[PDB]
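The same protein chain appears twice below, in two forms, each given on its own as structure tokens and labelled structure 1 and structure 2.
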Structure 1
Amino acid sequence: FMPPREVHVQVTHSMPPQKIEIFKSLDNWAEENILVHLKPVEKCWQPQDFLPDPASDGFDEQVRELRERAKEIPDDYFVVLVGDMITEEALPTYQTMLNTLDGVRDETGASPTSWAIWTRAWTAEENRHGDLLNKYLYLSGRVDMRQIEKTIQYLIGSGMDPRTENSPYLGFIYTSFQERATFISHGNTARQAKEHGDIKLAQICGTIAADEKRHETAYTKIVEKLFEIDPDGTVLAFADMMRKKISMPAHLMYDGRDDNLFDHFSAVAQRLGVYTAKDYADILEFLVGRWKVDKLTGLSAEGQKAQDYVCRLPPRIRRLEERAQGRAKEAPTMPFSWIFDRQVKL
């Protein structure tokens, strides 16, 4: 019962240690530009806002209506929803991620630096995403919570190496990409629910998506400033991450049965148009235009090579990674322990 492992060599602290000073200098700047993208706790939605209310007389009927609706939502979509929920639930790993980063790490667990305040508060916001989807999937009766909980335990135990090498450059590019990815992901399931006429479930996915849009805005703004101060290193960091390919946070998924669980879950999300290879290319393309990589000047030869590589990649990937004649048609049906080994098309 061995979960999959990272296949790449672990590289640590690739950012020159003096460049830490940059992020220490940017402390006040982060307070003024990044922290403002967090919603104050009093103003935030909570999972309870979107679930049957167990302290109301309407509890039983609300749970019943939730379940009646869940019967008309196909297994395909539950697999995706479950995979999205499990990814959210591995949260501890993601706080650890941010806290591996050299200039921005929380050194005590309650550090008053803007970066540490961001990290803690961002985590606190993400925590509600798992909570809400958890209780929704639980109440639905459509999924195998024991197997899902098992997957979650494996996933936190496996952790993840995003290949950011303790560099806030690589790291903040990585989270920029991921935040947009989950925005699209959750946004698509929201839109699809709004179409089976499940408004309450659309509200669940929509509210989570809107959190992710704020996070994306914040992280792209950090990288924006890194392109301002250090155009060379940031382009070289952007390019590095592209060459490696952005590996997803939950790629070591394992449920004790399926040795390729991430690929299989991803295939369903692909087929349903929740999150696709096309989406991957669209995100890279968006970040190129967002950070105005095309518009950068005064770069090193190595920087120019990196700049050119980044701008070329999305149309290249949009091609190279389009020819899914194999994946779309032939695709077999396979059991997912997350739904009691009921089967869905891959």
Structure 2
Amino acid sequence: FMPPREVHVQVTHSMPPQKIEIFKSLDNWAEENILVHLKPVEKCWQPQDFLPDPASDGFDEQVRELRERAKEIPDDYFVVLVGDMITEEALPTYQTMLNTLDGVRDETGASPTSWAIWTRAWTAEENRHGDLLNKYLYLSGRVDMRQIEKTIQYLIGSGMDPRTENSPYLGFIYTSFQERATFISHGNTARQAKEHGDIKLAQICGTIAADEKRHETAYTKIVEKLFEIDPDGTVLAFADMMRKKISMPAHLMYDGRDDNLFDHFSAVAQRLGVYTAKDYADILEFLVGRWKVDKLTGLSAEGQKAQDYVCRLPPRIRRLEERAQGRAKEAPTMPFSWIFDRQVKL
């Protein structure tokens, strides 16, 4: 039946028109400072590096092993991993999302601009994450590929509205935050697969995280350059995003069966510690430290307000969650269509 829809009213082009040049001029900078964070394709890993080799005499035992190993991984973990993969699979959305950003958008799909080249290349690198996880999940035999496939269709057709308002200020702060968010997630699913005694699974999550660490560096560099060129406007963007809260890229998630699928998935991510509310705050605190927002001069009346709010927010959010956490009650066990309606503790 009917999937979820963005409840917030839609806003387009919140950025002043003239300033687009600030991104048209930074073309040279981008080549020297963002395009370096790209791996040449020949040097890149590919999903096959991490999956059974179908053209190998060892393919059968390889798959048989992957599957033995999988049994020892509990369902809750699978639910999280699946959510992850579904997010990663909705990639066509995210390339489209970067092609709405006013200062950078690829005008033809093959535009030689540094910004477009970065976009096409980043998409290319991300495409690997979906594939690798998909085939791992598929072979594992622990999840319901059909329902997962269905969720993905519902997701791609729903789209996303990250409320970036076509602003590269907001957009690049979003991606900055998101890329770090998945990085923490993946590193935890890595660290947790290690614990469940599956190193080959750890490696999968591991090397995806690698890509995210690199992408995050690229985006945290673009924000750093915007803090120097436009100290006030960047602070205004950074504050604006924090008040709206960062709505995750896969929140319209729907399996034809759970009207609050994303909330439930996120709850399982929480209990296991793949991505907690602490992590959310920790990311923020890191970005304030990374951009040295604590120390900036030349701020307008609203800018100083936009600064202080942002700077005091991490200990605030942490403590907000703190007391919510030490009052949270026992959560119910709920079925997930991703796992044939087997039940995990929320």
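Structure 1's sequence is the ruler for residue numbers, which start at 1. The term rigid core refers to the maximal set of C-alpha atoms that superpose within 1.5 Å between the two forms.
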- Overlay on the rigid core first, then point out the one of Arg327, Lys24, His13, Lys19 whose CA is displaced 2 Å or more between the two structures. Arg327
- Keeping the rigid core fixed, what distance in angstrom separates the two C-alpha positions of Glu195 between the two structures? 1.4
- Message: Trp338: how large is its C-alpha shift between the two structures, with the rigid core as the superposition reference, in Å?
- Response: 0.0
